[PDB]
Every structure is written in C-alpha cells, then in structure tokens.
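Secondary and tertiary structure notes
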Amino acid sequence: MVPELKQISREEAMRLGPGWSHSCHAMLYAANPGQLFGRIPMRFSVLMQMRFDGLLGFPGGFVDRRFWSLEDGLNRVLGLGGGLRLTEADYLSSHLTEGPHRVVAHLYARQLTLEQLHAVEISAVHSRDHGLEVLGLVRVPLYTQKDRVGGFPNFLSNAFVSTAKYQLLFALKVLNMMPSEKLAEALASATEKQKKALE
Amino acid sequence: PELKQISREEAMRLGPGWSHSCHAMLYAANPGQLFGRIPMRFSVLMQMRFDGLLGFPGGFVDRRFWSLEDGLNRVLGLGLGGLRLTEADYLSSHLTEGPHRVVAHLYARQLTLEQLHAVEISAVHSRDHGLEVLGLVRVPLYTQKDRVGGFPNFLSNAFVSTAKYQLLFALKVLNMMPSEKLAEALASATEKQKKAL
C-alpha cells in the first residue's frame, strides 16, 4: 500500500493559478522479448533514474508555465540529451503531490522499441545533466524470481520520489503492462521486506 | 551488521566447500559542487542488478580454476567493458552472513572523474547491459541541508547486504568519510525508513 495521490484532469490543471508549480516527467518503456536466464520473461523494460538527492525517479522536472506549454516544457527539461520528442498524445495523467508546496505532477508515457530505449540510455550517459542532477539510469525489472522477491519486489523496496513510485504503479496498471493483482503482490512483498528489515 | 574480516590466506584455507565472490569499488575524487555550494567529495560506482538490488560490479569466481583477479576481470569484461584490476587493488575479504558459505572479496581502484565516466560509457555498451546489469549509478556522498537528501536517502535504497557493508567499510578504511559522519547518515536513513512506513 502506497499513499494515494489525487488525480485531476488536464483541463483542471490548466486552470491552476501562479502559486502552483508544475512538474512534467516521462515514463519511457519498451516491449522486451528477452528472458532472464533463458526462462523468466522480461515483458517490458521501463527507464527510471537515480537523482542527485539519492532517490529513484523519472526523467523530467519543473516546467515554468509563464513560458511553456507542458509539452514544450517537458521536452526542454528532459536530461536525457538525442532527438526523442514527446507530444500531447503521450500525456497520461496529472496528480497533486503530497505537499506541502502546491505541485501538480504531470506524467507522460511513451512506448519505444527496445533499440530506441537503448539509444536513450546511450544519450543519457553523454548528457550535460549526467553526474550533476542525474546520477544514472536504471531499467525496472518487472519480473519476479522463484524466491518471490528477486526482480520487481526488491526493486519496489528501493527509495523513490513518492510521486514517482505512485506514477510507476499507476502507469503499469492503466497501460495494462501488469495485472493489478501482480502489482499488489510485488508491493506486498516489498513492503513486508521493508518492515522486517526495520526489526 | 558486522561482517567478520579475514585474510586472503584464511579465505583459501576454508576449503573447497566455500564459494568466493569478487566485486570492484571504482571511485573518483570529484571537485564538483551541488548547487555550487555542496562539495561532492567523491563519486563511487554501483549498479542496479537483475534482482532489483544495488550492488557493486563483479560476481562469483570459481577459485578451482581462476585466480581472484582473473575471475573478477572476466566478469568485469562482460559487465563493465574491459577495465582490468590487479592484486594491488585488493582491499578486503569478509565472511558473508550465513547460512551459505561465501567469502566476499572487495577490490577498490581510484580513477579520475574522466576515467570513471569512460567506465560508465563502456557499461551501457557492454554485453551484460539489460540482462544481469540494469544500469550504473553514482553514489551521492554529500548530505543536503534537510539532512536526508543525498547520502542518507541513498542508503535507504535496497542493497545486496554484503555490498552495503562493503561500501561503508571502504568509505571508512579509504578515508573517504569519517566514521561519525557515516554513522550519522545511517541513522538518518533508518529514521527515514521508519517514518516512511
């Protein structure tokens, strides 16, 4: 169980006054036919990143609406380097963050080929933001090993930007990349792992 | 969780029933400053593994046929891309928490920040990228004004237990961070984790 964030419509988000900050982040993913150890289907690979503050999050950042539309802003704030362009067709959701500052978090999601996803990873290591704001990209493992913790459940027990962890689970669910009951199982495994470490 | 440190010689005398792992801690002094005011001090490479945990580059070495160095370098050739370590880079051997019989050997090498970046570029092109290795990360060793941003948040991630111990061990014995500062970062990380729940 994660703390539920309030979802609002894009139209509502556009009506927000100047006292609201807007963040735009991108969930880039690819179908992945690979099989770990020749037997565990990887299904999809999703990109996240280690941030300067020691937490996992998505590529992106704050967008100043005095100057930019959400899409123009996002494409400018993507510390991936490259030629990838996101459009309003890739817009997925807007959620109000936990605060206390007034922030709406916009999520864009785009499916790429696995070769294109790798090109993004290569671009990122050469990016101006690498080693400053961004400390490295990681692929999310969506599979679970036989021990029932290796892979996705262990991954979910990492330290996230709270908004990004919610957005990841939200997107996996609404984009039909993972059944909800499987997400619940991985999250339960991660949360119990965390609780028993703290004992 | 204190691991028992033993000598290379002791490790070899445990016998054929023991497995050996070798991992490398690659790091660089880093003159950068976060926000132009927070000294970065050093950058250390770790990686996201296939099992969803942070660890160091490296893996199991079959000591029946391989020296620790040759074994390590072959695993690094597939997973980092051709950097080669020597016996001069050997740092420590620890018995891992049981019940499995594993001795964990740690190698450490200081690189320039330029050489460290070359390793990161090599890694994204390596054979193991997207299979056993899911991406490299730099450790943030600084702590932000809120006293959690940076190193304490980082320590609240999920690690191979042995690797987390090895990181803290190496930061101490290599004089990269004072013991009391490490203790302080760990305490903050724990307090973060408990309030997260």
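Below you will find a few notes about this structure.

Procedures and definitions
Residues numbered from 1 in each chain as written, not as in the entry; some residues may be left out. Chains lettered and ligands numbered in written order. Heavy atoms only, no water. 1 Å grid on protein atoms, 1.4 Å probe; cavity = no way out; pocket = protein on both sides within 12 Å on 5 of 7 lines; lining within 4 Å. Points joined across faces, edges and corners; volume = space filled by probe spheres on them. Helix = DSSP H or I, 4+ residues; strand = E, 2+ residues; numbered from the N terminus. Buried < 20%, exposed > 50% of the residue type's maximum accessible area, 1.4 Å probe, protein only. Pairing = 2+ DSSP bridges. Core = buried A, V, L, I, M, F, W, Y, C linked by side-chain atoms within 4.5 Å. Contact = heavy atoms within 4.5 Å. Axes fitted to C-alpha atoms, helices over the stretch in contact; angles between N-to-C directions. Parallel < 35°, antiparallel > 145°, perpendicular 65-115°, else oblique. Left-handed = near helix turned anticlockwise from the far one by under 90°. Nonpolar A, V, L, I, M, F, W, Y, C, P; charged D, E, K, R; others polar.

1. With respect to empty space enclosed by the protein
- Taken as a whole, the largest cavity encloses approximately 180 Å³ of empty space.
- Considering the residues around the largest cavity, the lining is formed by 16 residues, among which A:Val125, A:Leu137, B:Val124, B:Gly135 and B:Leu136 are closest to the centre.
- Secondary structure elements with two or more residues in the lining of the largest cavity: α3 (114-125) and β8 (134-140) of chain A together with α3 (113-124) and β8 (133-139) of chain B.
- Broken down by element, the residue count for the lining of the largest cavity peaks at 5 residues, all from β8(B).
- In this model, the second largest cavity occupies a volume close to 70 Å³.
- Forming the boundary of the second largest cavity are A:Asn32, A:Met42, A:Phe44, A:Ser45, A:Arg139, A:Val140, A:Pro141, A:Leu142, A:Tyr143, B:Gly130, B:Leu131 and B:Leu134.

2. A look at the pairing of β8(A)
Residues and elements named next belong to chain A.
- Burial runs high along β8: 7 of the 7 residues are buried.
- Sheet topology note: the strand β3 (residues 40-51)/β8 ladder contains 6 bridges and is antiparallel. Looking at β8, one finds that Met-48 is bridged to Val-138.

3. As for the nonpolar core
- Among the nonpolar cores identified, the biggest contains 71 residues, and A:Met27, A:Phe152, A:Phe155, B:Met25 and B:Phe151 are the most heavily contacted of them.
- Ranked by residues supplied to this core, first place goes to helix α5 (residues 162-174) of chain A with 7 residues.
- Residues in contact with A:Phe152, not counting those within four places in the same chain, are A:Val140, A:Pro141, A:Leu142, A:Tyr143, A:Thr144, A:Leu168, A:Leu169, A:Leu172, A:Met178, A:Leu183 and A:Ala186.

4. Overview of the packing of α5(A) against helix α6 (residues 180-197) of chain A
All names here are of chain A.
- The interhelical angle for the contact between α5 and α6, taken along N-to-C directions, is 150 degrees, at an axis separation of 9 Å. Judged on the interaxial angle alone, α6 and α5 are roughly antiparallel. When the axes of α5 and α6 are compared, the crossing they make is right-handed. The residues of α6 that touch α5, namely those facing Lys-165, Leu-169, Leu-172 and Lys-173, are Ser-180, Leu-183 and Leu-187.
- For the contact of α5 with α6, the per-class residue count stands at 4 nonpolar, 1 polar and 2 charged.

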